[PDB]
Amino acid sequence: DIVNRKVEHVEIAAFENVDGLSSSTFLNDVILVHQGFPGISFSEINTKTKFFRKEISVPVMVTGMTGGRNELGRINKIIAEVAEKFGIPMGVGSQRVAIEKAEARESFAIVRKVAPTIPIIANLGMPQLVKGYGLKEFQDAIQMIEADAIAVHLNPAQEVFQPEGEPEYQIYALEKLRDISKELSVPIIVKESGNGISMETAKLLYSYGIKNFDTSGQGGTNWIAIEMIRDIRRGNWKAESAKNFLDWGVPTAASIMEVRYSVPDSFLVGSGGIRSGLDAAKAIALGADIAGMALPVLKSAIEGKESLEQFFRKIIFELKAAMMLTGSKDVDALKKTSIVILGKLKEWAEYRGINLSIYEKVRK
């Protein structure tokens, strides 16, 4: 039944109009300054970077999406086996369903079988921490796929408009998280799910010992939109309310600035509407350590293994083109390449007290 929500999610995300629906990443307001004389050759560009204790080929990850049933597991298999081939890390979808029903454990375990070397990242929802999940459930999720880290997702926006949502985010869940990090063998990433991390949220999380964030800003997959659709589907009256919140949240680019600025030493994934290597480059240049993608990976994986390899090839090339044309020989150079910030993103930062000068210093 929760496994039904799992298929509905994938089905709506893949085939319905929810990518950037009434939302914006603000990435249009970010411009990488072209360098007519790059000072490097294309083939000497090096895209390698660290991902905790491992090394990855490209500063891009597939962020968690699905699992919990068979056709969901065979998607996870396609994603993971291609991810392995390209040396890029992969998060799995929420593992709640695999703690609840043991038949679902396979659709997540397949990932480590077929991707033995890349970082794999586990996934559990924050609301579970208030509803009695603790150290052992976390250890289960982790060692079920031999995870290199665990992602705890923030989705209060989604839970609110969900027909069946559990919108409970009592502060005590953070005390519990902080305790679970005491004795977890792997690091915790806190990620949003299409609505973005603000500087108040980041600072709070940091004050409880969280050092790794994933922006998941608005302008990508619109989870409010997805739940609106589920609501329309069962004539649930919340549908119309959801419509009014379609553009709620921190746009991805704003979130990257906000997190980097408020917690300078963070490890930061810039995600939420990354659709090209150009988007990925902007996010990294803007302040992220790596870029994250979900929806476009799903869409390719559904079409098949080679479709997804073609996709990763395209992303990688686009990224390298952006690096080439900014004179960035490696990921570190990209992180400090010249940018222009315009428009609504500029106004956002100004109002939010982000000093553009001290910001430029912090991102390098």
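We call the rigid core the largest set of C-alpha positions that still match within 1.5 Å between the two forms. Don't overthink the numbering: it's just position in the shown sequence, from 1.
RMS Cα deviation from the shown model in 9 other deposited structures of this protein, rigid core fit, is larger for 166 to 174 than for the other stretch of the pair 166 to 174 / 149 to 157.
Averaged over their C-alpha atoms, the temperature factors of 255 to 263 and 97 to 105 are higher for 97 to 105. Higher mean CA B-factor, judged across 46 to 54 and 27 to 35 from the recorded values: 46 to 54.
Ranking 239, 288, 197, 224 by the C-alpha B-factor listed in the PDB entry places 239 at the top. Between the residues 134, 220, 292, 277, it is 134 that shows the highest Cα B-factor in the PDB record.
The entry lists a Cα temperature factor for residue 211 that places it in the middle third of the chain's modelled residues. When the CA B factors of the chain's modelled residues are split into thirds, the value for residue 244 lands in the middle one.
The deposited CA B-factor of residue 151 belongs to the lowest third of values across its chain. For residue 344, the recorded CA B-factor ranks within the lowest third of the chain. Only modelled residues enter the ranking. Looking at the C-alpha B-factors along this chain, the one for residue 318 belongs to the lowest third.
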